[PDB]
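Structure first, commentary second.
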Amino acid sequence: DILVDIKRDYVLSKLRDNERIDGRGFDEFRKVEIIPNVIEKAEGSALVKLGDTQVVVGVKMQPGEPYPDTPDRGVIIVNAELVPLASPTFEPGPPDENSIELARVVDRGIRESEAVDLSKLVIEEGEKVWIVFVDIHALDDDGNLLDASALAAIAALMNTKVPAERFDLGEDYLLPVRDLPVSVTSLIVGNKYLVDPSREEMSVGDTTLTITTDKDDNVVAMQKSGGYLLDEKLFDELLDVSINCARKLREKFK
Amino acid sequence: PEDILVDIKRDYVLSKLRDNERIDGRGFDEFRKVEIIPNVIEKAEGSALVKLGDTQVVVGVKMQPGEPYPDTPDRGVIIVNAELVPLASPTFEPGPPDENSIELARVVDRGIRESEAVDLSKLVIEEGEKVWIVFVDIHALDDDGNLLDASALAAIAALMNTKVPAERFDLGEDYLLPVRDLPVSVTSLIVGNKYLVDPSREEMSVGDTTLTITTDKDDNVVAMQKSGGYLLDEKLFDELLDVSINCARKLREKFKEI
Amino acid sequence: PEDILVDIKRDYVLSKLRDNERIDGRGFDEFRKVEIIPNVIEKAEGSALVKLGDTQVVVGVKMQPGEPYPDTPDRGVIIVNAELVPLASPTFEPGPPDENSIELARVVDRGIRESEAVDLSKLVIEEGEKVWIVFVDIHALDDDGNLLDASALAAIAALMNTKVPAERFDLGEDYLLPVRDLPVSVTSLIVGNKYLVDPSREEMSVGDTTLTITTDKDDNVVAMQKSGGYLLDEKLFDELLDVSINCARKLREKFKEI
Amino acid sequence: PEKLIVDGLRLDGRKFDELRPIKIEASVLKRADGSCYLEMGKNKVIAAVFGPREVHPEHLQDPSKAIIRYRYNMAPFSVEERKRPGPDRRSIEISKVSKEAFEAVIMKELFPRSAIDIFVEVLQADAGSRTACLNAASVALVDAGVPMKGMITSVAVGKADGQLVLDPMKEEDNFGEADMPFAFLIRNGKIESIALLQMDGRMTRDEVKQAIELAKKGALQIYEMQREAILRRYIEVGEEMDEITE
Amino acid sequence: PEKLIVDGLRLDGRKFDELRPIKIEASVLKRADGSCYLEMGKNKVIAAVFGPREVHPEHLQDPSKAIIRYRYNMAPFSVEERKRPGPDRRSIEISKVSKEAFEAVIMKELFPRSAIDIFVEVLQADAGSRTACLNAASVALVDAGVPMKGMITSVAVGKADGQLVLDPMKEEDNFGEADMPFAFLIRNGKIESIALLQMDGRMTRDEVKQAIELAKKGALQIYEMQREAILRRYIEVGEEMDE
Amino acid sequence: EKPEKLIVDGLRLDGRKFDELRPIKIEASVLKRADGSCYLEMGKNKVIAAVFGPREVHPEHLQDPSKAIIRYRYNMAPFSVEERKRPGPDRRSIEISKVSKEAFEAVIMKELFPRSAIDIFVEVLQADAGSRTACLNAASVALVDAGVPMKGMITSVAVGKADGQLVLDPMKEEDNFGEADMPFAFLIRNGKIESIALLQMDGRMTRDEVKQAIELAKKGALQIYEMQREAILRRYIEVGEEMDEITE
Amino acid sequence: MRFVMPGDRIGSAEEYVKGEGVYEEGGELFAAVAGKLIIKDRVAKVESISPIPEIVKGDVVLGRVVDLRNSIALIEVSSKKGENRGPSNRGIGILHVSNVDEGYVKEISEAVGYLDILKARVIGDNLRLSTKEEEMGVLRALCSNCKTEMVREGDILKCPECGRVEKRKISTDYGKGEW
Amino acid sequence: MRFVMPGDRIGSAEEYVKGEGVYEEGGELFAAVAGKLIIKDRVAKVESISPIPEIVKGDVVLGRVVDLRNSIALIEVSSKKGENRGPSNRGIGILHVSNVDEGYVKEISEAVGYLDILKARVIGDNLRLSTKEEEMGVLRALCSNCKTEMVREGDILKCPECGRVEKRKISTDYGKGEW
RNA sequence: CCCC
RNA sequence: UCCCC
RNA sequence: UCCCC
Ligand SMILES: [Zn+2]
Ligand SMILES: [Zn+2]
């Protein structure tokens, strides 16, 4: 805690000179790395490293009852465990604040962009539908697990195989995916932004903004977080930058 | 630390009690002003806000089709819950119901169940498959004492203004929940060998030692609950019994409206 | 605080051990007096009280029709739970199963399961539909050491005196549960390179460092569990393996109603 | 059930004013400061007292008196269909009133910053189990030598076919018109006051007052049984102190 | 469902840039330090502020500032289908972002080792309940006299049949293309900065900026109602003394 | 679906012999934020371990005046098993965590860090038979990587029993349809098996079979142990070359 | 209209001086609380619609004794007379033996007792307290023996249960439930 | 190869004297940690692949003021310079007015305030601290009033929004985000 | 439930 | 077993 | 999974 303050000093000093501690440009993501199929046995899965931040996402699929509301669609459920494994900070307990938030943001990107055609996941309408469990497991917390997890999740969905034969539902086949939600989080410090905050940068405080776009560059979800006032001009700017970064991130999928 | 103001208030209440008085001038078998206001939550199938002195409670009723209990098909179901929410008292704490909350909801539930205020046989949809489930949820708004009686009042009032939501579950035409009794509970603060009907929060500073008696419309007793760590003098109980039945008759009158 | 008397008692046990003796004069492979009383809970399907020295525990069995497991549509179900309630021992706290209590129930369950003491396939009523579920519920009364072996004994005694409630469930004549093996567990306190079979609570003052071995009818080992923060000498283990199979056999002969 | 009373006799052969069979035994648990095993009709209950001990956690501590805790718990096998362990609203309610019944009697001022813990376990349940437990707990407290103003004694009164009955059985609870548990403080061999009172059902005012009289008659009878359990315990410690001497 | 907009008019009769009826009332609770009851469309909401009060236990005590707690909670009977009581992911999320909005505003350095607790209960839910709540909360804080940089005012913008719509109702939320809650700090009588921002759906980059302008106009309107409500209270406390 | 056989022509379903381990991979220092870590594969098991400590009080009352406390948490990720498993501890994970902790309490020199905690987390990313043995191996590597003083190393394998035959390091099929399963862990000191740190078994075995199983497991344990040593040797080379990497 | 909402601009930092209810940012003065803006001698303050009480020298105060040393009583000060709202600066106050009675008082224990409830005047920073005035002193004391609420007997406290008697600096309001 | 694993036998107790990274049992020395075995002057030690920092007389330390006394000040020592791993002997270290500037400081609150992040050197057991060095002293101070982080200006510290100024043993690194 |  | 409320 | 046990 004492160290975080001092490091906070160092981060702000370089901010004043308009430069990040590691020389990235204020609009520059760290090195991204997407490894699919890291968990055979899972129907889909992917590991993402973003700088020194590491996250794995497993996808599981099983038949089940559809929610009374919508008897004509499959289901997607997203959870996260920020296990004490990733840092001396995470606690063994049940899904806390941050973890619920991280998982909901990832879910919204996927849901609002309609990446998965929930209608194709019906087996017997009003009785039988596919349930897609998307589980996020943090490994190493070096900042912005949010963007890493979002990347990791869509990769894993894109690498998912529907286990039809297992359930006597006919041949296995790829989960049809029709969009690529990518999210972009920046640390806001006064009137300045730092795209893809490192954990070291996060020493200034947990004041961030996250924007999530689709295939065609439409915004599909956003989320401001932390105890700070967001300036509207900054927002306008960061909107375009964020759409920009998402487009660049998207090509790592091709 | 909050104890401190309360301990002093206690001395004040006891001092007046020693001179045969209550701090607000009420008589010992006298309720504060009661106000009963139906239909305050439109979405709910039934509902009521009750003001008892400055104590305020809202009760909503929700009905929905459900499995009957294996032990008693041919019988609708009633489930009562209370939230004594931090929004009511500096001492209500966010979390699952404490004992108090469980106790309050159960006393309210007991009045309704033992007086048979609601004909549960008529809430049967299918033999042993489908039956109406009645959720009664008590939400404390402002705790200035005797949330218990305020809640009993609001609960029976809300049931009395309840519309069975038939034409939403396609079970036919909407009809009014038939209510055939009017349980009313009367709670008193017992202090030594005296009683104070309808205690105020200030009066409660003396301690949490109460007696609640609940009656039906024919003055039968349908529920009773002694609560708190004290010894109840039998003679006092006898007097308080006749008094309570009387107080409940007067309250019951407030349901005519005119 | 509590630690203080225990620590001193630890010195006493260790002092005796140094002179090759136990506190109460038992041999190192000697159980205390065992008493097995079946049918202590008439309302249960099966039940048994066991006394192991001053240790007391009661086990009751309940059976009801239910869901088979998707993976095992042709097998009845056995579920073992233990409560080590504050009633037994000042050390036992209120709440969901402690890890101690989860461990105990699982050892008892492993003995019963792996010995195949109860023919599960004979507890099928309708493949994939209806199958008997056997609840084994362990309830400590008096903890004077080795609740584990006491419980294992009480659990199998209870199973051996269970009566399937088919009638109650309109499913035919009642019948005795078919029991085809007799799992018995033997638990030793390990102190250094010495063992003490059936440790008393006083002996447990030394530390929570034990070894449990369970055998079936034919002296096959069916479950084993080392527990506690210690290192187990392999030579000691070999010797204790033999001693335990033997002890288990003697114990097993107390079920001859003897 | 057709009728609960026929020719003035109940389903089990009891008269309106007659207790179910009772057994009370003190000192049945080695690892507890005081204890009592108790049968009341088909109720089998076991009660245990621990204290005055130190209070954990250190913040529930009361600087001017002992705190009293009371847990009523139903073993999974004690009822007709297996009961999933863990407290429910009813058990919590029962634990609270039972606590309050003793808060009234235990001389807690003598033991500042302490707890006196009472655990009561129902091994087999029938009607009036909370009443069975209070009786056991009270005995267990006396067995533990914890100072009290007098005894806590408990029985319920029911109403069946329009008639008040002492100590209802299961069928009377479920199919009768009212159930009303009492517990009294007994001092100078007499009923002094009411430590616990609850009721559900439908009684006239006259029935309520009559119920009290019926309960008191029954409570006195049970009280002699509690005294007798304690008397035996007294005899047993004395003749043991002679065993050593022998 | 078939159509959300017919001839410039929404399902309930409103124009693309019309609030639902609002109602705001301060000091409705005897026991709280500050309170507000607030209606927004069919939303019925009440906020209570307690504090600055001593924080319990202490593992939450902050030596330099005060701590802010906020709890959004829905009464079982406030939704079409009885909701089971207790926390809930959406609720937990809403409480977090709601508390973050007031941390940016309450002068928390003023009260070290203290807590300022804010409770909001939705008595009847419709679309934008979190928005209703933030409005009430702000009024309750002012009612309770806790120093703040300015007001918090909140509204959501929706998107329906391709069109931005201020303060969506249930049906618009359910069948629209987007939904975007806002809250602003109000200082010098104007929208200064953004205290809360969330969006779910599908919106062009311009639609988003357009949605902000639409939100700010609604906010200013709401802010004025918040003000009148505080003004009445101010008159009421003076009338009180004159007694 | 029950294989019916399990052992054919002295070969198991996956091709190995009665005394052969599954393929194993061990890597130390794979996590930036932990004091020590290890990624470990063991057949289809994929696990990761992390160590933090000596640190903390902590919380407060838990602290032990005379010595450190040890915590060990075994946790399976929802996607590590055949049927997605609801997150949170179950009784099995609780039991595995307790006995795992116990294995290390027997070996960490906790007296050196009074009023401290040394915390051990292990995550099953992909589960197969023996995942508890995999975690124990990964955890001992992580402990060494974090430099926490120990009597020696902890090494772990299970012996199964299939078609009447003892087998080393059972796979899922042999676990599910075999006759017995018996995880061990040993203290290795002076390059050899010094004692038993963890022992559990379930199934049906003869007194003689139990004794032979111990022999089999020790053998496999010595094989795995050399892998652990190698993995740490590599790490040793790394902090070495990355030191004078600064002075270069 | 003098009424101001929080966030209402009052003027430049150089036009007026910051007083209670007003805050400085970017060289400007703003209202922090709703209420009546008042300016006197260049000083801007807002009289809040809901004032948060602050304990200061001269205030009257209710408290409980949580610890007695030898010449010192530690008082848990919780309330400021005339205002129901909890004071912003609730805390521990100190009662030295000097300020107990303005007489001679050897042990502070002769005047104040563990868990006594008490009425005092603040006479210094950090909640420095006095009980010298006749109006000040103990308001409610519990018997050392049976913990029974002591009753005032002339000019002495006596337990009505065990009959014990104890002596303290009794306030004239003792037992009245007022202060 | 000098590499060792924990458990590895080094030699006999008599042969060598147990040093760091080694323990004894039944007369034999073993490696407690992985790393390099070194035997100099009969002393056996193992240089650990991951040393656990020990704060000893002479180390440079990073701490925060948690309590102020008269002449004594309590500083929570949390790091040992040159080593990222948390030291095993974290704790409370007493700083005295004498060991501050090599000059004179009556008010211990004249150099080190509450919550101040500080940089000190160890001078005695028990984490006895001192900052009589130019390189030592407060690195990051908060205003007593607005609690704002004070910026450095020449040989003094001023709040960039309250203006008010405080003075204290300023470390040449104050505000550098480095120590 | 047990195995994972 | 989600998501909106 | 309410109410009784
Ligand atoms: Zn007295
Ligand atoms: Zn300043």
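Chain A is the first sequence line, chain B the second, and so forth, proteins listed ahead of strands; every chain is numbered from 1.
Atom pair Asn43(E):CG and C4(J):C1' shows a separation of 13 Å (rounding to whole Å applied). Rounded to whole Å, the distance from CD1 on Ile94(F) to P on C3(I) is 13 Å. Whole-Å rounding puts the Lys83(D) NZ to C3(K) P distance at 11 Å. Here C3(K) presents its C1' atom at 11 Å from CZ of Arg110(B), a figure rounded to the nearest Å. Distance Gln200(F) CD to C2(I) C1': 14 Å, rounded to the nearest Å.
Closest to the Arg113(C) side chain, of the nucleotides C1(I), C3(J), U1(J), is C1(I). Looking at the side chain of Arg104(A), the nearest of the listed nucleotides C4(J), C5(J), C5(K) is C4(J). You'll find that the side chain of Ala125(D) is closest to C5(K), out of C4(I), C5(K), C5(J). With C5(J), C1(I), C2(J) as the candidates, the nucleotide lying closest to the side chain of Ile79(C) is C1(I).
Within the 4.0 angstrom heavy-atom criterion, no nucleotide atom of any strand lies near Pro63(A). Backbone-only engagement by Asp109(B) is indicated by non-hydrogen atom pairs under 4.0 Å involving sugar-phosphate atoms exclusively. As judged by a 4.0 angstrom heavy-atom cut-off over every strand, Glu82(F) is placed among the base-contacting residues. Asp181(F) comes within 4.0 angstrom of the backbone, heavy atoms only, and of no base. The residue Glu65(A) sits close to a base: some heavy atom pair falls under 4.0 Å.
Between the side chain of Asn176(F) and the base of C2(I), no donor-acceptor pair under 3.5 Å is found. Between the side chain of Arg89(E) and the base of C3(J) there is no donor-acceptor pair of N/O atoms closer than 3.5 Å.
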message: What verdict does the side chain to side chain contact (heavy atoms under 4.5 Å, CB included) test give for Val45(E) and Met40(E), after you've listed the backbone C-alpha separation in whole Å, the side-chain angles of each residue and the deciding distance to 0.1 Å?
response: CA-CA 8 Å; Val45(E) 140; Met40(E) 259 198 56; over 6 Å; no

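Partner of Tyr72(E) under the side-chain hydrogen bond (donor to acceptor under 3.5 Å, both in side chains) criterion, chosen from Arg130(E), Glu121(E), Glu93(E), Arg90(E): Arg90(E).
For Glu172(E) and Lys159(E), the salt-bridge test fails: no basic side-chain N is under 4.0 Å from an acidic carboxylate O.
Lacking a ring centre under 5.5 Å from that of the base six-membered ring together with a plane angle below 30°, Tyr69(B) does not count as stacked on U1(K).
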Hey, can you pull the donor-acceptor pairs under 3.5 Å for the side chains in residues 77-84 of chain F, sequence neighbours left out?
unit_1, atom_1, unit_2, atom_2, d
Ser80(F), OG, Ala77(F), O, 2.9
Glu82(F), OE2, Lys41(A), NZ, 2.8
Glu82(F), OE2, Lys172(F), NZ, 2.7
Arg84(F), NE, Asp135(A), OD2, 2.8
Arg84(F), NH2, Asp135(A), OD1, 2.9
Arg84(F), NH2, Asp135(A), OD2, 3.4

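Between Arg75(B) and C3(K) there is no side-chain N or O to OP1 or OP2 distance below 4.0 Å. When the side-chain nitrogen and oxygen atoms of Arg92(F) are compared with OP1 and OP2 of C4(I), one or more of them lie within a distance under 4.0 Å. Within the 4.0 Å cut-off from OP1 or OP2 of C5(J), at least one side-chain nitrogen or oxygen of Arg130(E) is found.
Take the nearest nucleotide of RNA chain J for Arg84(F) and for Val122(E): the residue whose nucleotide is more 5' is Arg84(F). The 5' end of RNA chain I is approached more closely, in terms of each residue's nearest nucleotide, by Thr72(C) than by the other of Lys41(A) and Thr72(C).
Under the 3.5 Å distance criterion, the side-chain polar atoms of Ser95(E) are matched with a main-chain donor or acceptor of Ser91(E).
Between the CD1 atom of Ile78(B) and the CG atom of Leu120(B) there is a distance of 4.0 Å, given to the nearest 0.5 Å.
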